[PDB]
Every structure is written in structure tokens, then in C-alpha cells.
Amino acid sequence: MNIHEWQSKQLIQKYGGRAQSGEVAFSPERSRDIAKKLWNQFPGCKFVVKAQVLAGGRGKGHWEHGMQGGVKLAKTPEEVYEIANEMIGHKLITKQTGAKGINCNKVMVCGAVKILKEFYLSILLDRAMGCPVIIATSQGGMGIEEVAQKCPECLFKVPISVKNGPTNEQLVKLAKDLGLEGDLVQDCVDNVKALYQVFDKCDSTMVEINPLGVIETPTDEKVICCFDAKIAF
């Protein structure tokens, strides 16, 4: 992750968005310290250890030395050490790789959150159109590439005005089209607005959020939260 991209993820929170970025660790020891420090704030919480490799289906793939999964739930900081040790410096295999192997040199240590709904949402520069387009689906867990090829009308597509950007009516209906009601409608609007602010302020070619989730905070407020945000140029 170069400075250009990392400075963009930061803008998500600046422009009103809500996102979990976790924290990067380049060693299993550091992975353990992260989880340990987090237990000082939310004792007894669980953790999610995510292998940081540029490849999809991490949660599906497997490791060369017996372990299963690129996204793993951990109960303690020691389990975080164990998992991270099997990831950092080893090859991960997914559909993207068949069996070529993809070497992992770092992990994300994330607090385990309660996820109520999962969505996919991206903002792309459509060259054939010469404008931005918001693409979203409520299948949530199935990933975009699968849904697009195998389901025609599952996707919500919204062309965006270059001068005006998205409109509240556009974003409100989209929030509604994703099954959101109550306060979560406006919360989603604010987050997508933030995502587009980033998309345009950074001359980005794609802003991908997978999952865009309805979560519960430790004190059980229901809020929109961006996971595993990705930006391209």
C-alpha cells in the first residue's frame, strides 16, 4: 500500500465515512501485540486475521502447510500469533492462482465485529460512458464477479453526474433498494457520499467496498461500516 492509496483510505473517515481498517502487522509477534493492546479496551473480544495478498477468495483459499482460510477468527492474542505465523512468509492458494502460490508478507489484525448484513458497492469510471457509476448488490457474501456473470438483474447500477456528483434521491433509493430502512437509510447515504468524495478528490479509477456492512457496535448501535476498502488508479 503506497502513500497515495493509504492517504485515500484516511479520507473515508474525514469525509464522513465509517470504516474498519484494522492494523497491519509484518510479524506474528506484532500481530499478537496488536490483539493484546485491543484487549485492554474491549476485553474478551475476538479478532479477525486477514492475509494481505492482492487476490480474491482469501477466506476460501488454503495455505501450503495445512491451514485453511485467508480470513480467520481468533479467540485470543496467542491464536492471533499462531494464525499470523502460518500466514506471514508463506504461500496462499485461491481460485485466482490455481496452485501457483501467492506469498504473504503481512496481515490485518481486526477486531471481531457483529455483522448483520453484507453488501457489495463500488464506484467505477466507466470509459464507454465517460462518467462514474455506482455498482451495488445485496447478495453481500457472493462477491461481485460471481453475481455479475451469473445473475443479470441482481446488480444496481447508477450513472453519476460529473458536475453534480450523486444526488440524495439517487443515494436514498439505492439505500432503499438494498433493503435499508429507518436511520440506516441516511447512514448509508452519508457513507456513499463520503466514498464518492474520495473517488473524485483522489482522481480514483475505482473505489471498492466489499463488504459494505450493517454492523453492531460493542454497545449495539446499528451502523454502516466499510470493510476491506480498496482504491485503484
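Numbers for residues come from their place in the sequence shown, where the first is 1.
**Student:** Quick one: higher average CA temperature factor, 99-107 or 154-162?
**Tutor:** On average, C-alpha B-factors are higher across 99-107.
**Student:** Averaging only over Cα atoms, indicate whether 141-149 or 112-120 has the higher B-factor in the PDB entry.
**Tutor:** Looking at the recorded C-alpha B-factors, 141-149 comes out higher on average.
**Student:** Quick one: which of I93, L73, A136, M87 shows the highest Cα temperature factor in the PDB entry?
**Tutor:** Largest recorded C-alpha B-factor: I93.
**Student:** Among the modelled residues of its chain, does the C-alpha B-factor of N210 lie in the lowest, middle or highest third?
**Tutor:** Tercile = middle for this residue's CA B-factor.
**Student:** Considering only modelled residues of the same chain, in which third does the CA B-factor of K36 rank: lowest, middle or highest?
**Tutor:** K36: CA B-factor falls in the lowest third of its chain.
**Student:** Going by the entry, which third of its chain does the Cα temperature factor of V185 land in?
**Tutor:** As the PDB entry reports it, the C-alpha B-factor of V185 lands in the middle third of its chain.
**Student:** Among the modelled residues of its chain, does the C-alpha B-factor of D203 lie in the lowest, middle or highest third?
**Tutor:** Its C-alpha B-factor, which the entry lists for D203, ranks in the highest third among residues of this chain.
**Student:** Looking at the C-alpha B-factor of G179, is it in the lowest, middle or highest third of its chain?
**Tutor:** Middle third - that is where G179 ends up once the chain's C-alpha B-factors are sorted.
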